[PDB]
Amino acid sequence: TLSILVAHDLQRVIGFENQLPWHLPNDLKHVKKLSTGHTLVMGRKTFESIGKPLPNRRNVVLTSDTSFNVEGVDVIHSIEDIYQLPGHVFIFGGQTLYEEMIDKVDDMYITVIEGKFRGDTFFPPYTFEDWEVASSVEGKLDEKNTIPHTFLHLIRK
């Protein structure tokens, strides 16, 4: 499969200043569960945000810098290179990946962060007319996960 994996807020904010706008450990645990043993493709800037490869899956960074060679990352330099990767590939961020990728992906794992944050980066507007809810499961709140949130899984209709 080829999937978006993204958390966005009530106005589709994903990012602020090259970071997530929220602290929400449940969602990062969700990312882990979903992606472990599989492949991430991210934009260069998102890679700079996580700063190192994530363990126990394959990490692929899309970048135009051909001098890019990082330990345990695989570089690619075009959108097209994605479509040849073996297996279940998650588009992992960021704003520009999502824009390039959203009409190409089979499905999307979105966490809707039921808040309104300040962002400088956004997820593309989409329409549920295009997208079928295979599941919708509320996140559980606790002291350390204090923002309401819903795990959507959308298949393209």
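We number the residues from 1 along the sequence you see.
For the two regions 65-73 and 95-103, the entry's Cα B-factors average higher over 65-73. Taking the mean C-alpha B-factor of each stretch as recorded, 27-35 and 112-120 are not equal, and the higher mean is that of 27-35. Of the candidates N18, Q11, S135, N145, the one whose C-alpha carries the top B factor in the deposited record is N145. When all modelled residues of the chain are sorted by CA temperature factor, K45 is found within the lowest third.
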